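Undergrad:
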Amino acid sequence: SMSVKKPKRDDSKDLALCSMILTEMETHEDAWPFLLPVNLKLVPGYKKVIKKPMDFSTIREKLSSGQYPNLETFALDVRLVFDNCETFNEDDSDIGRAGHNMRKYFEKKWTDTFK
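Basically PDB author numbering = 1-based index in the sequence shown + 1855.
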């Protein structure tokens, strides 16, 4: 509350560390469904159904331009990429399996770096 604070966590490396995680996600062999925005002219149903599209290139641009206020807003966009994927793709599909694999990969890096 006013004039009553928990000890200050060092957040000075968060930006660099989120960049490194995002590099590791970009270079994973199962990243290909997530590298670029879904083409809303060419994929029937995507525009109407997926209310907030997100992809790795869009996260990279937000990261590089100071549009994440903290590491939680960064994690929310990464998770949005996988939540969107589950919404649109059957579990038993190449893209459906890609999304589950990448979400696991991300969550372990996130816990190891920050928890």
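Heads up, the beta-carbon is just placed ideally off N, CA and C, and yes, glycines get one too.
(1) Taking only runs that begin and end inside the stretch 1886 to 1919, name each unbroken alpha helix (DSSP H) of 4 or more residues, in chain order.
(2) Taking the continuous alpha helix (DSSP H) assigned at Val-1933, which residues delimit it?
(3) Thinking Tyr-1901 and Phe-1943 are a contact (beta carbons under 8 Å), I'd like their distance in whole angstroms, please.
(4) What three-state label does DSSP hand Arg-1864 in the structure shown?
(5) Quick one: any contact between the stretch 1858 to 1867 and the stretch 1901 to 1914, if contact means 3 or more CB pairs under 8 Å?
(6) With respect to the alpha helix (DSSP H) encompassing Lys-1959, which residues constitute its N-terminal and C-terminal limits?
(7) Roughly how many whole angstroms lie between the Cα atoms of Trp-1887 and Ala-1953?
(8) I believe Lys-1964 touches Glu-1881 by the beta-carbon criterion, under 8 Å. Please report the beta-carbon distance rounded to the nearest angstrom.
(9) Counting along the chain, where does the alpha helix (DSSP H) carrying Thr-1882 start and finish?
TA: Here's the rundown:
(1) The qualifying runs are 1901 to 1904 and 1911 to 1919.
(2) 1926 to 1943
(3) 7 Å
(4) Coil at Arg-1864, not helix or strand.
(5) no
(6) 1949 to 1969
(7) 9 Å
(8) That pair is no contact at about 13 Å.
(9) Taken as a continuous stretch (DSSP letters only), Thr-1882 belongs to no alpha helix (DSSP H), as it is neither H nor E.
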